[PDB]
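Peer 1: What follows is a structure written as structure tokens; I'll ask about it next.
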Amino acid sequence: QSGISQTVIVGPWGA
Amino acid sequence: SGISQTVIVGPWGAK
Amino acid sequence: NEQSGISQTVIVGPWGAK
Amino acid sequence: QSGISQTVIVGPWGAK
Amino acid sequence: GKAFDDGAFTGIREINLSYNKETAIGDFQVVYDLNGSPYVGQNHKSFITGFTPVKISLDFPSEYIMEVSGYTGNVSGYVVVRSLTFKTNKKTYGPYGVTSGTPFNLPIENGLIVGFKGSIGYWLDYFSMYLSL
Amino acid sequence: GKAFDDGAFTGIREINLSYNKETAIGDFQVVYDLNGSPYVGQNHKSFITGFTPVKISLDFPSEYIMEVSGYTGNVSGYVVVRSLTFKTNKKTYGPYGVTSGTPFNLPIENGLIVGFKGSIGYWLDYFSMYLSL
Amino acid sequence: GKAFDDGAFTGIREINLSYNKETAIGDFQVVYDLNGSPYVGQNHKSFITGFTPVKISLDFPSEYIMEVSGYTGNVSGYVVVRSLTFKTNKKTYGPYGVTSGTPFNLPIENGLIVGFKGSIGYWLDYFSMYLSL
Amino acid sequence: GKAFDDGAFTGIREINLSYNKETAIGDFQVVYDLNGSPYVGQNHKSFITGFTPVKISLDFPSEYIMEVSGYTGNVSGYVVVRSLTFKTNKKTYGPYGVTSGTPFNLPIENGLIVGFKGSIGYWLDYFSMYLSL
């Protein structure tokens, strides 16, 4: 694992 | 409370 | 339950004076 | 990224 | 329609639905993963018949859904989900149902779909998805 | 355009964006909540100016966004985010921009938007949202 | 010992464990909540028998565990969990077993225990906990 | 003592604490990571002098804390945190202070420490940690 916290991400919408 | 939560997206469709 | 707009995080502790 | 959900795990206690 | 809520799990192994191009999505059932083991969800059935069956068997855990899209529209006066498409990191399944009506799409950049809820009468009325890391 | 990524915070206090009624969304900036205090986000600006600014000040923490919707479409040959609407548990803000093209909508039943990332050139090219409990 | 890993669930409804006053903790089993319904966890059993069973029935969802503690020490050449105490927001269950050795305590300020993993041979060797909102 | 709560962030870059080899932990401060930028937390100071400072500089993001352990115990009659040790995936920092009293330890199998809160008077009275994926 890395030392960076993660989060759910939805998208992208657009180009 | 004692119930675990989860992110929920929607609904899509009828109201 | 009604949610507020404040994000939540697990917290463990405290260790030390109770 | 795997198709398996994860969660925080603390421990172990008792030994290792 | 009759409401349903499967709840949240560890991931997704297979999706079984049915559809009719003249109308909308009909039946919906999911085999989830629950900590390593297949969890057979309840079959949520349409009140009527005449649908074409579809089975989406995912190569879990290597394969997982990256985007869910579809169309909502009127059928016999009711607003229902007329079409659905499931894209994974390996292949695209769908569309099932005609792609007409109001579109919607949920692409996932980080995270996983871990559960479904909704309502089905003659057709799938509406649905929501549980998301998690 | 120029890509941007604010990352994730603990909530949203204010959104400051700009748009043009004939084209699309322009600048985008967020005042996030970070552990109970305001955190002033970087202002992501269009390669051009001449937009109408809008300030959406939320009654944090009791007021929060429950649905983000809008339209994507062509403007001078490229796809951009043409319109945006933010619906909270108390009020609706928008539509801002041009409501034509392909609609999209992200309703949230449980959880919160805690960050934005995307790209802005002349207009907002695309965007994604961080979701958390 | 034989390693075990229940995985993660929605909450905890009951814990069924056994212990012996002459030694340490033996069998361990959990009845979890899975989306509002009970889910019977695997019973993780000691290589030997003769323990005293105990059932901890929690008033789910209003009652939940806020701190887990106990003692580790040597029993017949094995370093094991000799005692466990579960404190909820309503009351305290335990200590069960022998309260001598090196202490350990996991106090939870925010969040919930949603699963257990570990190893059991003649006695409970070690264990970890899944924590979630 | 005086209470403090840094809050939750994206990770940890450095810890600056002071200790006394005859009493306990004194000053405590942390440089966190906030979406890629260092976030310099405020220095929480002991009410007295005489401590030895130490700088724990982690190689973020490849290096991260896997276990926090130490001792709490009486000093001048009341309970305080007397010693601390920080184990990362690359090496061990400490023990700092006096290793006497009641031990404690928080090993992490999955997840990260993303924040600290507690209280400091003549010495560190107590502390808690924020955990996240």
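Peer 1: Around residue F:104, what is the net charge, scoring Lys/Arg as +1 and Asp/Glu as -1 over all other residues with Cβ under 15 Å from its Cβ? Don't jump to the answer; show the numbers that get you there.
Peer 2: On the way: positive: F:82, F:87; negative: E:67, E:109, F:67, F:125.
Value of the local net charge: -2.
Peer 1: Within the range H:1-65, report the chymotrypsin sites (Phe, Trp or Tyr not before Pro) that DSSP leaves as loop and that have at most 12 other Cβ atoms within 10 Å.
Peer 2: H:47
Peer 1: Can you give the FRET efficiency for residue E:109 and residue H:2, using 1/(1 + (r/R0)^6), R0 = 30 Å, r = Cβ-Cβ distance, to the nearest 0.05? Write down the numbers at each step before the final one.
Peer 2: Details: r = 42 Å, r/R0 = 1.39.
Rounded to the nearest 0.05, the efficiency is 0.10.
Peer 1: Label-to-label distances across copies for residue F:77, with labels 7 Å out along Cα→Cβ, in nm, shortest first?
Peer 2: Those separations, rounded to one decimal, come out as 5.1, 8.1, 8.2 nm.
Peer 1: Next question, about the same structure. With the cut-off at 22 Å, tell me which of the pairs F:2/F:91; F:87/F:117; C:18/G:91; D:16/G:117; F:90/H:117 have Cα atoms farther apart than that. Display every interim value, and only then the final one.
Peer 2: Numbers: F:2/F:91 32 Å; F:87/F:117 19 Å; C:18/G:91 18 Å; D:16/G:117 12 Å; F:90/H:117 33 Å.
Cα-Cα > 22 Å for F:2/F:91; F:90/H:117; rest within.
Peer 1: Ok, one more. Rounded to whole Å, how close does chain H get to the rotation axis onto E by Cβ? Give me the residue too, please?
Peer 2: Residue with the nearest Cβ, plus whole-Å distance, for chain H: H:133, 3.
Peer 1: Now, a different point. Can you pull the three principal axis extents for the Cα set of the range E:78-133, in Å, largest first?
Peer 2: 35, 21, 16
Peer 1: Output the direction-averaged projected area (hull surface divided by four) of the convex hull of the alpha-carbon atoms of the range E:26-94, in nm².
Peer 2: For the Cα atoms of the range E:26-94, the hull's average projected area reads 5.6 nm².
Peer 1: Between copies, how close do the residue H:57 label points come, placed 7 Å along Cα→Cβ, listed in nm from shortest?
Peer 2: Once sorted, the set of distances for residue H:57 reads 4.5, 5.7, 6.1 nm.
Peer 1: If you don't mind, another one. List the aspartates and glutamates whose alpha-carbon lies under 14 Å from that of residue H:45, not counting same-chain residues fewer than 8 positions away?
Peer 2: Of all the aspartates and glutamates, those that pass the test against residue H:45 - Cα under 14 Å, at least 8 places apart if same chain - are H:5, H:6, H:27, H:125.
Peer 1: Cα convex hull of the protein assembly as shown: mean projected area in nm², to one decimal?
Peer 2: Result: 29.7 nm².
Peer 1: Right, here's the next one. Let me know the mean shielding of H:122-131 by other chains, meaning the per-residue number of their Cβ atoms within 10 Å of its Cβ.
Peer 2: Partner Cβ neighbours, averaged per residue: 6.
Peer 1: Still on this model: Just to confirm the numbers: residue F:110, label point 7 angstrom along the Cα-Cβ line, distances to the other copies in nm, shortest first?
Peer 2: For residue F:110, the other copies' label points sit at 1.8, 1.9, 2.2 nm, shortest first.
Peer 1: Please report how far the C-alpha centroid of the range G:30-47 lies from that of the range E:64-122, rounded to the nearest whole angstrom.
Peer 2: Here the answer is 34 Å between Cα centres.
Peer 1: Which residue, E:84, E:58, E:106, tops the fluctuation ranking in a GNM of chain E built on C-alpha contacts under 10 Å?
Peer 2: E:106
Peer 1: Given 10 °C and 1.306 mPa s, how large is the Stokes-Einstein diffusion coefficient of chain F in µm²/s, with Rh as the Kirkwood radius over Cα pairs?
Peer 2: 107
Peer 1: Looking only at other chains, what is the average number of their beta-carbon atoms within 10 angstrom of each beta-carbon in G:46-59?
Peer 2: 0
Virtual Cβ from ideal backbone geometry, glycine too; neighbours counted across all protein chains shown. Every read-out reported here was derived from the displayed coordinates using simple, explicitly stated rules and does not represent laboratory data.
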